[PDB]
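Here is how the chains run, residue by residue.
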Amino acid sequence: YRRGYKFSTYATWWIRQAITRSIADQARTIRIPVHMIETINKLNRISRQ
Amino acid sequence: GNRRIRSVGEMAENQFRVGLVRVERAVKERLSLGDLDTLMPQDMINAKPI
């Protein structure tokens, strides 16, 4: 709290990370480690760009 | 007289509108949130659901 900020921001970072990785771990028949995943998201964005 | 056809443009219009809404969800989300001066209109678009 002494940082004095809104706690929303803190737990937003934390829980964003948690969920962002838990969907990647789970959510398929095959597990796919994360280097693939981040590479894939890059692709999905720059595809559209 | 109780009975009406359905040719193509009708159905095409239907699913097209649906794709528009599939995008529209994101549209609202990215309208109110993002920067206003600089967010291009096609910086919002993904035509893939369409």
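Residues numbered from 1 in each chain as written, not as in the entry; some residues may be left out. Chains lettered and ligands numbered in written order. Part of a larger assembly, values for the part shown. Heavy atoms only, no water.

Looking at the header, the entry is titled "The E. coli class-II CAP-dependent transcription activation complex with de novo RNA transcript at the state 2".

Colleague: So what exactly am I meant to see when it comes to the overall build of chain B here?
Modeller: When helices and strands are counted, chain B shows one helix and zero strands. Judged by the C-alpha coordinates and their principal axes, chain B covers about 55 × 20 × 15 Å. Across the 50 residues in chain B, those meeting the buried criterion constitute 6%. Across chain B, the 9 positively charged side chains and the 7 negatively charged ones have centroids separated by 14 Å. (Helix = DSSP H or I, 4+ residues; strand = E, 2+ residues; numbered from the N terminus. Buried < 20%, exposed > 50% of the residue type's maximum accessible area, 1.4 Å probe, protein only. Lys, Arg positive; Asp, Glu negative; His and termini not counted. Charge placed at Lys NZ, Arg CZ, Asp CG, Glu CD.)

Colleague: I keep staring at the pattern of salt bridges and nothing clicks. Help me out?
Modeller: A side chain of one charge can pair with a side chain of the opposite charge when the charged atoms of the two come close. Residues and elements named next belong to chain B. Applying the stated criterion to the full structure yields one salt bridge over all chains. Notably, a salt bridge pairs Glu10 with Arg4, separated by 2.8 Å at the nearest N-O pair. We classify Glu10 as partly exposed; its relative accessible area is 30%. The exposed category is assigned to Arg4, whose relative accessible area is 62%. (Salt bridge = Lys/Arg side-chain N within 4 Å of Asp/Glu carboxyl O.)

Colleague: What exactly am I supposed to notice about helix α1 (residues 7–25) of chain A here?
Modeller: Side chains of residues three or four places apart in an α-helix project in the same direction, reflecting 3.6 residues per turn. The first and last C-alpha atoms of α1(A) sit 27 Å apart over 19 residues, in line with the 27 Å expected at 1.5 Å per residue. Positive backbone phi, approximately 80°, marks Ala27(A), located one or two places after α1(A). (Expected span 1.5 Å × (residues − 1).)

Colleague: I would appreciate a short explanation of the environment of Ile46(A) in the present structure.
Modeller: All names here are of chain A. Of note, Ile46 is situated in helix α2 (residues 34–48). Assessed through its relative accessible area of 54%, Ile46 is described here as exposed. In sequence terms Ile46 and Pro33 are 13 residues apart; their C-alpha atoms lie 21 Å from each other.

Colleague: Quick question: what am I supposed to make of the packing of aromatic side chains here?
Modeller: Any two aromatic rings considered together are summarised by their centre-to-centre distance and by the angle between their planes. Residues and elements named next belong to chain A. Counted under the stated rule, the structure contains two aromatic pairs over all chains. Look at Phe7 and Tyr10: their rings are 6.0 Å apart centre to centre, the planes differ by 40°, and that puts the pair in the tilted class. Placement of both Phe7 and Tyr10 in helix α1 is noted, with a separation of three residues, approximately one turn of the helix. Exposure remark for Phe7: the relative accessible area of 56% places this residue in the exposed category. (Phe/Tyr/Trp six-rings, centres within 6.5 Å; stacked < 30°, edge-to-face > 60°.)

Colleague: Just to check I follow, could you spell out unusual backbone geometry for this structure?
Modeller: With phi around 80°, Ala27(A) is a residue other than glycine that occupies positive phi space. Relative to the helices and strands, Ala27(A) resides in the loop between α1 and α2.

Colleague: How do you make sense of helix α1 (residues 8–33) of chain B when you look at a structure like this?
Modeller: Taking 1.5 Å per residue as the helical rise, α1(B) with its 26 residues ought to reach 38 Å, and the 38 Å between its terminal C-alpha atoms agrees with that figure. Of all the bends in α1(B), the largest measures some 30° and sits at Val23(B). (Bend = angle between axes of the 7 residues up to and from the residue.)

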